[PDB]
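Numbered from 1 within each chain, the chains take letters A, B, ... in sequence-line order.
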Amino acid sequence: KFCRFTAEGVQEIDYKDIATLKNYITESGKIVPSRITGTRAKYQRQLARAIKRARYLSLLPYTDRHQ
Amino acid sequence: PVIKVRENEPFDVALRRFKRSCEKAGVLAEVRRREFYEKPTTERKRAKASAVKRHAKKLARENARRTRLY
Amino acid sequence: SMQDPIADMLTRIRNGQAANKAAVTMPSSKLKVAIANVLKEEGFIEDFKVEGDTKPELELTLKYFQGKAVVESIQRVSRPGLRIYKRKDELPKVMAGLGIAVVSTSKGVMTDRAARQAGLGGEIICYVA
Amino acid sequence: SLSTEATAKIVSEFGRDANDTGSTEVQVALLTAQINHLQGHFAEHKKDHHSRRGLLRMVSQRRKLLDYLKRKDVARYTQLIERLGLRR
Amino acid sequence: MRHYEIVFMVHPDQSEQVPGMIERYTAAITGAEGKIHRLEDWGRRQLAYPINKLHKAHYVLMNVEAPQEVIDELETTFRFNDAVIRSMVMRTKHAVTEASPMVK
RNA sequence: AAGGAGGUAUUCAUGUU
RNA sequence: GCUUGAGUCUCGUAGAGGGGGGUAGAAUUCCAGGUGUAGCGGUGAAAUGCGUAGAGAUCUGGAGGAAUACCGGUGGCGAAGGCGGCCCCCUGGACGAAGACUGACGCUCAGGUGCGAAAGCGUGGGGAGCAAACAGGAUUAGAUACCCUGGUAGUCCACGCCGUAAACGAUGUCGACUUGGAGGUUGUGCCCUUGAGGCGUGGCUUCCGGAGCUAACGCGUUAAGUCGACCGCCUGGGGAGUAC
Ligand SMILES: [Mg+2]
Ligand SMILES: [Mg+2]
Ligand SMILES: [Mg+2]
Ligand SMILES: [Mg+2]
Ligand SMILES: [Mg+2]
Ligand SMILES: [Mg+2]
Ligand SMILES: [Mg+2]
Ligand SMILES: [Mg+2]
Ligand SMILES: [Mg+2]
Ligand SMILES: [Mg+2]
Ligand SMILES: [Mg+2]
């Protein structure tokens, strides 16, 4: 529970802020569900977009296998 | 699931950890689901039926904690 | 779109009686005020009043006798899709005189009994039983 | 849509103060400006039906406004359609 | 004017040309009357996965307020330069002039 | 695959790892 | 004449709404090699098929096409059909806050026009996977099928045609009135935000249920309740949505 974004007044998630996204991706590299993390839906969508942009910029891995 | 064998951990413990990692990643479920093509209508129907029965069970539980059976 | 305010008024009365509301409110017009006056004088509603300078609101305080609603049935007769006009001879008898039809004659709105006594016809707004 | 500066410009041109934004001539001028603007869009993107539907809504609303203005005050109607260069 | 945020990754062996590219693109924008709000040379970073067999690409981040024409020209420059390994331009609602978490 | 427990599911810190 | 219906303006919010162009990774297939040796594939069981010209398996490099795991949600958007990686350009609609403006400018709509899944048709490309037809192997009393091995049109793109679906909520559009509860999503105001709180106020949306309605099943403020406006249809089954 405890969506960690609303309590901190987060307006937009930053794809550059890797460590936060590292908290919300699993070991294999897939996105952890909002039902697990307790994140609110709007921030969940923002988080998904940011993680995909980070994957594109090679700051996070698509999967564990390639590297 | 990339499991590293740690020092002094027996083989049974390492294999248990690897099994749990695979089950947590859900690889086999993905493969079994991608073995055969399933039409979009079939996917939507299965999703809707799962939601309906899950909601019905939750509602039945909530009603049960309201009405005694004894 | 609202195209029969009189029918809307009757519908509010009917629904308020079915929902046991003390009073009902609606936008006002002079035809509505005339109808409410007729109902009040015939004893179907307990009271009416108008509140407002630019946008008057008509409030009707409804009547119940033995728990039950006083107005048993009330149906718009002349409607925008079909206007009904009756000569003085053919004015209807609602519930064989136990109820009243609201007729708009050339001298104002009145009951069927009043129009038949005054020797006038007119438009048939509604039946009330 | 139309940028804020363009809307303010048209309001100033067609309304009898800065604050009259609802007058029929102002509405028709805004609709005409937008309609003319989109012609390039629907000349390049010819399979954008979902936007062409909004375009036709704009055209129809302009038609209703012009009809009302014509039936209410013929002089304003003639002046407006002559300024805007619209047929009928 | 629109606010574009550009992140481009350069070949690790062109790290010496990276200062030149920054000035050239910034000069393009400044001549184009665009405004350079933020400019953070992140430097040599280890890739999360290999790109063209390369590792340790040189990241640069640049938040700008500049016209579409010059931005498109810059994107074509990135496309046709073989030292820039990757690029991404993103429209932003407002100018960001804070300090990136890669520097925080 | 089978069996038990908790819930509509997690707060249960971090640390450790 | 008026401002309450209908519109315009100001600032924002969310969104797989649409059109065009780029780009990324995983995977399938093919090609070129390196290693390597007798099987691979398939089924309930087999066979057809592939493989000693070296397959299958593993590693590296390349080509091309199509589709976007996780997020993902009786979540969202759209008039419906439908819409799902990320980025840019062009563009449609909706909602909220306070205020100003016009002053009935509205609703419905025969004919008419436009959009309309998939399959299909014409011309021109493209073609990795899947796969009607077809070929072969089985099963069976038979098997013109279900199963296996291949596989063409097709699926993809551009431009046109087509105009239909269990195109479904089997529920025409618009407006007003009528007890409640639990939620979801998206705005906004106030109080002590003491700390993800409490108290309101709008939009859309799922379930339960009262009065009422219903042949019953059930619907129940998003009505199938009580009414107003306009439009489409029905008149036993079949023959028949057939003939002319
Ligand atoms: Mg608009
Ligand atoms: Mg028609
Ligand atoms: Mg087709
Ligand atoms: Mg074709
Ligand atoms: Mg062809
Ligand atoms: Mg087959
Ligand atoms: Mg049909
Ligand atoms: Mg039908
Ligand atoms: Mg219509
Ligand atoms: Mg119910
Ligand atoms: Mg026929």
- Using a heavy-atom cut-off of under 4.0 Å over every strand shown, decide if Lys52(A) touches base, sugar-phosphate, or nothing. base
Using a cut-off of under 3.5 Å, enumerate the N/O to N/O pairs linking the protein to nucleotides 184-187 of chain G.
residue: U186(G); atom: OP1; partner: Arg45(A); partner atom: NH1; Å: 3.4
residue: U186(G); atom: OP1; partner: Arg45(A); partner atom: NH2; Å: 2.9

- Query: What nucleic acid atoms does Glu44(D) come within less than 4.0 Å of, heavy atoms only: base, sugar-phosphate, or nothing?
  - Reply: nothing
- Examine the six-membered rings in the bases of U4(G) and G5(G) and report whether their centres are under 5.5 angstrom apart and their planes under 30 degrees. no
- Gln3(C) side-chain N/O to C107(G) phosphate OP1/OP2 under 4.0 Å: no
- Message: Let's see if you can work this out: which of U8(F), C87(G), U8(G) has an atom nearest to the side-chain heavy atoms of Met90(E)?
- Response: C87(G)
What protein N or O atoms touch nucleotides 116-126 of chain G N or O atoms at under 3.5 angstrom, if any, and at what distances?
none

- Query: Base, sugar-phosphate, or nothing: which does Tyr37(B) touch, judged by heavy atoms less than 4.0 Å apart?
  - Reply: nothing
- Task: Would you tell me if any nitrogen or oxygen in the side chain of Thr4(D) comes within less than 4.0 Å of OP1 or OP2 on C11(G)?
- Result: yes
- Message: Using a heavy-atom cut-off of 4.0 Å across all strands, would you classify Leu38(D) as base, sugar-phosphate, or nothing?
- Response: sugar-phosphate
- Message: Heavy atoms only, 4.0 Å cut-off, all strands: where does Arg2(E) land among base, sugar-phosphate and nothing?
- Response: sugar-phosphate
- Are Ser51(D) and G17(G) close enough that a side-chain N or O sits under 4.0 Å from OP1 or OP2? no
- Which string of ( ) [ ] | and . matches RNA chain F, if you list each base 5' to 3' and count Watson-Crick or G-U pairs only when both distances are under 3.5 Å? .................
Taking only N/O atoms, report every protein-nucleotides 94-105 of chain G pair under 3.5 Å with atom names and distance.
residue: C101(G); atom: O3'; partner: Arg16(D); partner atom: NH2; Å: 3.3
residue: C101(G); atom: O3'; partner: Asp20(D); partner atom: OD1; Å: 3.3
residue: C101(G); atom: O2'; partner: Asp20(D); partner atom: OD1; Å: 2.4
residue: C101(G); atom: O2'; partner: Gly22(D); partner atom: N; Å: 3.3
residue: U102(G); atom: OP1; partner: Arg16(D); partner atom: NH2; Å: 2.9
residue: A104(G); atom: OP1; partner: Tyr68(D); partner atom: OH; Å: 3.1

- Can a side chain N or O of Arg86(E) be found less than 4.0 Å away from OP1 or OP2 on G25(G)? yes
- Query: Think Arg34(B) has a side-chain N or O under 4.0 angstrom from the OP1 or OP2 of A69(G)?
  - Reply: no
- Message: Students often get this wrong, so: under 4.0 angstrom with heavy atoms, is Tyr4(E) touching a base, only sugar-phosphate, or nothing?
- Response: sugar-phosphate
- Task: Taking side-chain contact (heavy atoms from CB on, under 4.5 Å) as the test, write out the residues that go with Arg14(C), two or more places apart.
- Result: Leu10(C), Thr11(C), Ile74(C)
- Separation between the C1' atoms of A119(G) and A170(G), rounded to whole Å: 24 Å
- Query: With a 6.0 Å cut-off on ring centres, are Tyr24(A) and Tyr43(A) close enough?
  - Reply: no
- Just call it for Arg55(A): base, sugar-phosphate, or nothing, with non-hydrogen atoms closer than 4.0 Å on any strand. base
Any N/O pairs under 3.5 Å between the protein and nucleotides 225-227 of chain G? List them or say none.
residue: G225(G); atom: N2; partner: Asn15(C); partner atom: ND2; Å: 3.4
residue: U226(G); atom: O2'; partner: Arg14(C); partner atom: NH1; Å: 2.5
residue: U226(G); atom: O2'; partner: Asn15(C); partner atom: OD1; Å: 3.2
residue: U226(G); atom: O2; partner: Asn15(C); partner atom: ND2; Å: 3.2
residue: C227(G); atom: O2'; partner: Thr11(C); partner atom: OG1; Å: 2.8

- Describe the nucleic acid contact of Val89(E) in one word from base, sugar-phosphate, nothing, applying a heavy-atom distance below 4.0 Å. sugar-phosphate
- Query: Want to settle it: does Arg6(B) or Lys1(A) sit nearer the 5' end of RNA chain F, counting the closest nucleotide to each?
  - Reply: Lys1(A)
